[PDB]
Amino acid sequence: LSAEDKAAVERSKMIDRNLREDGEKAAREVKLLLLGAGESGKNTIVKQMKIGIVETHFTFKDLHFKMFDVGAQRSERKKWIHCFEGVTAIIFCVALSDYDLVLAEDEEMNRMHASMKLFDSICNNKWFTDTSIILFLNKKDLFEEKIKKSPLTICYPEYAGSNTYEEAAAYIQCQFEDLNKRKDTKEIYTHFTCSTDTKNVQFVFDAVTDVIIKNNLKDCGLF
Amino acid sequence: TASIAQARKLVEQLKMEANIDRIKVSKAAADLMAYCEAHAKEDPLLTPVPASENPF
Amino acid sequence: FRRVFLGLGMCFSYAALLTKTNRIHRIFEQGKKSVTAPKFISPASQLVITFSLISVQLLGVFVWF
Amino acid sequence: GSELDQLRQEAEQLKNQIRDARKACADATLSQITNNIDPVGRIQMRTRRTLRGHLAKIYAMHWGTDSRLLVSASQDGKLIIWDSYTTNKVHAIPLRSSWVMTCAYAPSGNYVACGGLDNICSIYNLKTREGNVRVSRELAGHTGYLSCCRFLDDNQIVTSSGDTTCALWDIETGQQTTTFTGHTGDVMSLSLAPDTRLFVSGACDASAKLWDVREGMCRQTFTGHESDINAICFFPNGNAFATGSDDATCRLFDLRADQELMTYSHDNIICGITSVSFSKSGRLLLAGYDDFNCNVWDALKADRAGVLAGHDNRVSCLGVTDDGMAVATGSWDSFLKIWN
């Protein structure tokens, strides 16, 4: 082996060392996929987490998150959805103050029905069979102020319940957690977000920590 | 307005497509069935190469 | 047989207990700090650790003999 | 209203003229002419090199002109240049996006391009006086994810996007000289002609199109599939190309008789095709599938000629090299394998 070849092997070993260090660094970060409707309050939640694709790094209690967002990607989701098979969790927003509205100029489509359809598609996808979901049900104050004048019968014909923030919110929540047909592999963490909530980072921290511990226990065959 | 413009654009595109000089399929098949015979001996994926050259 | 087997059962039981409790502690402690699973949490590695701790007593008994 | 119907009716009339003119050209089938041809023997290739170092899914690769140097793009945020002869690593380039889908190696060898899920095609300079690989230009203008890019020269590039359009760029000024429109569905791949005069593209509308590099016009459109087209490549002559789809089939199209010639299919495969490349003679057609395998077909007879099985996940990219020696596969299992 010539001296030049020895120099080449030296350089290759340096490159391998650098790549190993970078991979070990990248393996310890939480990767989140932020999904939701355009007007579902994604921007406010993004703002209160951090104190084509848009990336937002943020740290909480000595742990790191990257939090990818794909809202501005108007194309077929089946083509690029498999790029997110190995993410830690999926965050999904609903915007409860949408049960008496219409979208996409269809003029016969409840916004919340479209949200349920999207949730059903994402939850029962082939690439996401063991990925937990954090469901934020936000704009609850508008729901509280609105529920008096308009009942839930516009969005749900069968309600058999009272018009109060105590029972309608729970009714909407039990609708979304009943579309999950994989109850023995994943779970849904539901939280009610609002303006100046300031307590959503900790909820995400708790959910992701539980997810990590459960994954590690399942790998050991200990769960 | 946009729909009629799209329709006219498709009409022009189809009329440009439908005026090609198309040869019959036997000629194309013979033309491509003869390329391999001309370049068979220089392709080592189907004919193995002796271990002398074999960069790998 | 008396010399070898007198303290072997207690060693077995308590080495196994120590290894399993350590596994649970490490999992639930590093679960709050990194995504990556802690190293050596698997039946093979745990058995290796347990039988190394037993091998200590076995070698001591050998020196005694 | 009425003239909308008139335009539609003219459209079906033009389609009918196209189809019966096509049927007036089919003397026989490729199987009829190639009925009596010396069968290709069984190909038994074995892996010779194994390139390790990537830590995530690999999404694209491209061979160099010299047939030694290689480029690989992974979702780990890395673009790696390999010396295949010695397995050595020549350059490691960090990526700003890490959501790459495509990469390319320039004919001159001084430039490398990459792109994906950022609507930007990035160009890197390999030969610099400072001794490091730097960004030369960031091409922007697409409104959808990049799917494939190819170099024409040092100063000309072509890109395809998920916004259903293609583009030609001059790199000194970084502007779109020509835009190619059509393809009502998402574009997935493109292939350049050997004379760099035309190029073909495949889309999610289950159709392919042939474009002229100058004049920005579409000349021929080809149909025949039941689902999305994922890969495309030219036959070495330059008078035909091949496409692979999600309907678990491959097909071959000629240009002078603008219709389908042959379809490669079986009953044991139900998964789609991710990549397609030709050999130097054109007698062999290589295709990577979703069942972790690579299948080698005989183009003139359409029979299974070989299977390559050494991968633990989906095979995503192929390359055949300019002098015909080695084939390279890149897969989701983070490894590149070279076969001969």
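Indices start at 1 and increase along the chain as displayed.
For this deposited structure, the header notes the method as electron microscopy, 3.0 Å.
Even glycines carry a Cβ here, placed using N, Cα and C.
Per Swiss-Prot, the features are as follows:
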MOD_RES   D:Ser2  N-acetylserine
MOD_RES   D:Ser2  phosphoserine
MOD_RES   D:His266  phosphohistidine
REPEAT    D:46-94  repeat 'WD 1'
REPEAT    D:95-140  repeat 'WD 2'
REPEAT    D:141-181  repeat 'WD 3'
REPEAT    D:182-223  repeat 'WD 4'
REPEAT    D:224-267  repeat 'WD 5'
REPEAT    D:268-309  repeat 'WD 6'
REPEAT    D:310-340  repeat 'WD 7'
Any contact, the repeat 'WD 7' (D:310-340) to the repeat 'WD 1' (D:46-94), with at least 3 Cβ pairs under 8 A: yes
Secondary structure content of the repeat 'WD 2' (D:95-140), with strand meaning DSSP E or B: 0 helix, 22 strand, 24 coil
Intrachain residues whose Cβ lies under 8 Å of the repeat 'WD 4' (D:182-223), provided they are six or more past its termini: 144, 147-148, 150, 152-153, 158, 160-162, 164-166, 168, 229-234, 236, 238, 241, 243, 245, 253, 255, 258-260
Integer Cα-Cα distance in angstrom, D:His266 (phosphohistidine) to D:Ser2 (N-acetylserine): 47
Candidates D:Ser2, D:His266: member of the modified residues with the richest Cβ shell (10 Å): D:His266
DSSP-derived helix, strand and coil totals, residue by residue, for the repeat 'WD 4' (D:182-223): 0 helix, 24 strand, 18 coil
For the repeat 'WD 3' (D:141-181), the number of residues DSSP places in helix, strand and coil: 0 helix, 25 strand, 16 coil
